[PDB]
Structure formats: C-alpha cells, structure tokens
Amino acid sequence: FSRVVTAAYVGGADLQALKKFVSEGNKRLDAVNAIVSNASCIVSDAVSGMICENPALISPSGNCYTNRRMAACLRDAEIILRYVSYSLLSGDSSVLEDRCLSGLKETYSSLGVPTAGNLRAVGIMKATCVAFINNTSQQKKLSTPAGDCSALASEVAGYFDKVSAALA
C-alpha cells in the first residue's frame, strides 16, 4: 500500500497473500471495517465529548468557536483516526509517525490549538476503537464471528498512545 500514500484494489490472490503477511489478517480486516464504517460517529463523539466536558472550547474565547474552526478540528480528528486505521491495516506505525505525527505538536503550538483538548479527543477515540475491537456483544447483535480480538485491541491502543505522546 506504500504506493498510494506516497486507487489500490487488493482482492483475490493478492488479498490471500496480504493476509499471510500480517498477523490475524481476517480479524484485522474486521477491525478496520468497524472503525472506518463508523468514522463520522467516532469522530463527532470524541470532539463533542471534549467540548461537553470543557464547554469553553466553543465559547467566543475557545479554539473551536465558529463552524470553520469546528470543521478543522473534526477534520484533524478524522485524519488521526484514518492514520490509526492504516496502521492497523498495515501492522505498523511508520506512516502514522512520519506523515501524521512528525511536526504536528509544533504546528499546534504555533496555532494555539490546545493540548488538553487534543489529548481528550484522542483519548475518547482510543476508548471507542478499543471497545469496537473488544466487543463482547452476543452473536445475534455482532456483525463478525464472536471471538477474542484482545491482541488487535492492544495494538490499536498502542497506536493511539503514539498520537497522545506526540501531542503532549
């Protein structure tokens, strides 16, 4: 997938081969599916939770005041979520660190984007994604075969931790 980052369709024998190049290929693809197919909710739930716990962020003094600022924040949360989703697909954080995190703290410092709010938004997204992967719903209320995805959940948790460490 390195080409597209720097449309790809991987199916058939290419997909068969791709699954033997990562650990737990099938469950990994299920986890990605859960995250990307719920992206708008994941993102808005994190940004609105950041705000509902610290309403000054949408006061006239707050960094999310105005539709244009709110849109930029929602966008960034989605950028982060997508690079985490790519790390889960690829099994490593190289592109996340290079293309999403390197230089971001300095950018936010120069813009005045607040660290506290960023950490809370990321933390809500982390908890949400971990819960989608460690989903213990009864089978009739679950889109995937029920089983243990705890290793994948820990892996995705670690990718969010790399985001938090870069922004703090």
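Numbering starts at 1 and follows the sequence shown.
**Student:** Higher mean Cα B-factor in the deposited model: 65-73 or 41-49?
**Tutor:** In the deposited entry, the stretch with the higher C-alpha B-factor mean is 65-73.
**Student:** Given the B-factors recorded for C-alpha atoms, which segment has the greater mean, 12-20 or 156-164?
**Tutor:** That would be 12-20.
**Student:** Sort 117, 103, 123, 55 by C-alpha B-factor from the entry and give me just the highest.
**Tutor:** When the deposited C-alpha B-factors of 117, 103, 123, 55 are compared, 103 is largest.
**Student:** When the CA B-factors of 142, 31, 111, 131 are compared as recorded in the entry, which is the largest?
**Tutor:** That would be 111, according to the entry.
**Student:** Relative to the other modelled residues of the same chain, rank the CA B-factor of residue 87 and answer lowest, middle or highest third.
**Tutor:** It falls in the middle third of the chain.
**Student:** When the modelled residues of the chain are sorted by Cα temperature factor, does residue 81 land in the lowest, middle or highest third?
**Tutor:** Ranked within chain, residue 81 CA B lands in the lowest tercile.
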